[PDB]
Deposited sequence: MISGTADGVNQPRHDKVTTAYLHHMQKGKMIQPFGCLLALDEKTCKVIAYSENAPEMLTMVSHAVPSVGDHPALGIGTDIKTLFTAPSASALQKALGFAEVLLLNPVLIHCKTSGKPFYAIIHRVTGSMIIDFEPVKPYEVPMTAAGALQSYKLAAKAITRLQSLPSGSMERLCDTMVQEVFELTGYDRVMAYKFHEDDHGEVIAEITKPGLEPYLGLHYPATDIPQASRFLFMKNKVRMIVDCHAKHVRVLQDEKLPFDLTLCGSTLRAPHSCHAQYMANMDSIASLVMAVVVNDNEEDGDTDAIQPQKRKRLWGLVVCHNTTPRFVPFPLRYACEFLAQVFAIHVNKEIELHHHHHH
């Protein structure tokens, strides 16, 4: 009755963050069946309009960019290699396109790229993964035996990789209440280390979605949300909660503003079936954007952290 009122509205994810724009394409036609209201301003310059229900993507993007998104329409979810660098046809404006699939639909998140970054996209993708891979080797070379030193290491490595003001390891107890068991902040900041938080601060609906979306980013909790519009011929709502752009629930948004955490990056810590052990939670006291390549690299660092956590659990229950 509480899980199903939150879950219905998050799963539809009809409100996005304005740092990016969203398209949904029909797998058969390759045409637009849903768009964020900012997508026309972001992807075109202001018949048809340039961008609505039925728009062909050969009108929006340069020919190699349109052809790579058309080819993505033929791949299993698991075989998608993100992100795709696309260019808009008129402006030459660049974006990272992040693709995911929901049955016959292909959902694209567009995150702008500074045009001076275009030449360095492979270079910066490699550097982000290298730095994460080095963090992985420091986690592996720790002596076994201490959940505390493993979590301290992780928040130190994530703090240096992501540049956020605060990074904590947030553990879920048996009763679903949480505890901050590791923490590093910049010098001004109030410490949360060792505090315990009620289960209802993180409802089951968010818990469920972190099993599937392993990295969630909120750029600015005070940003004006943007509405996604869908094809009126669809007799159900599209599921958009897989979007990197999904807006926080208004209650979480206020919770963030309350706590002076304007921005956040959260990585799911899933142990082997599967359990959500906890979250790696990064906060910023001002707005913050990190590009897809670095959030991708963080996914893998978080999966390796999950493996080491689960081994420290097995070495608790032995000894």
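Undergrad: Hey, which stretches of the deposited sequence didn't make it into the model?
TA: In the chain as deposited, 1-15, 62-69, 296-310, 358-359 carry no coordinates.
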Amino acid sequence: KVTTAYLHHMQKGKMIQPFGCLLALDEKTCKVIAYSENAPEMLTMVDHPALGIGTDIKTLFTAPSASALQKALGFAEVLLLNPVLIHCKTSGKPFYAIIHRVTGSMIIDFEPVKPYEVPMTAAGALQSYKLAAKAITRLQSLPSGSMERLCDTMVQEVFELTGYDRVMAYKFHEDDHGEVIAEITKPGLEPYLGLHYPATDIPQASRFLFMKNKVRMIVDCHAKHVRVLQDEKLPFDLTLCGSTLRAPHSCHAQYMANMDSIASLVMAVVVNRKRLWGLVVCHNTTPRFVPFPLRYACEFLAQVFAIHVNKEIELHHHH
From here on, numbers count along this sequence of modelled residues.
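Whichever C-alpha set is largest while still superposing within 1.5 Å between the two forms counts as the rigid core.
Undergrad: Taking the root mean square of C-alpha distances over all structures and residues in 5 other deposited structures of this protein, with a rigid core superposition, name the larger of 167-175 and 235-243.
TA: With the rigid core superposed, the C-alphas that lie farther in 5 other deposited structures of this protein are those of 235-243.
Undergrad: Comparing against the shown form in 5 other deposited structures of this protein, which stretch has the larger RMS C-alpha deviation after a rigid core superposition, 177-185 or 73-81?
TA: Looking at 177-185 versus 73-81 in 5 other deposited structures of this protein, the farther one turns out to be 73-81.
Undergrad: Is it true that at least a third of the other compared entries have no coordinates for residue 26?
TA: Residue 26: modelled in every other compared entry.
Undergrad: Checking the other PDB entries with both flanking residues built, is residue 260 absent in a third or more?
TA: No, residue 260 is modelled in every one of the other compared entries that cover both of its flanks.
Undergrad: Test of understanding: from the entry's C-alpha B-factors, which stretch has the higher mean, 92-100 or 199-207?
TA: The stretch with the larger mean CA B-factor is 199-207.
Undergrad: For the stretches 308-316 and 4-12, which has the higher mean C-alpha B-factor as given in the deposited record?
TA: That would be 4-12.
Undergrad: Compare the CA B factors listed in the entry for 269, 34, 63, 30 and report the winner.
TA: By C-alpha B-factor in the record, 30 ranks first.
Undergrad: If you compare 129, 170, 75, 192, which has the highest Cα B-factor in the entry?
TA: Of 129, 170, 75, 192, 75 has the highest C-alpha B-factor.
Undergrad: Quick check on the deposited entry: does the C-alpha B-factor of residue 283 sit in the lowest, middle or highest third of its chain?
TA: For residue 283, whose C-alpha B-factor we compare with every modelled residue in the chain, the answer is the lowest third.
Undergrad: Where does the C-alpha B-factor of residue 235 rank in its chain, lowest, middle or highest third?
TA: Ranked within chain, residue 235 CA B lands in the middle tercile.
Undergrad: Within this chain's modelled residues, let me know which third the CA B factor of residue 79 belongs to: lowest, middle or highest.
TA: Ranked within chain, residue 79 CA B lands in the highest tercile.
Undergrad: Just say lowest, middle or highest third for the CA B-factor of residue 292 relative to the other modelled residues in its chain.
TA: Lowest third of the chain for residue 292's C-alpha B-factor.
Undergrad: Would you please rank residue 160 by its C-alpha temperature factor against the other modelled residues of its chain and give the third it falls in: lowest, middle or highest?
TA: Middle third.
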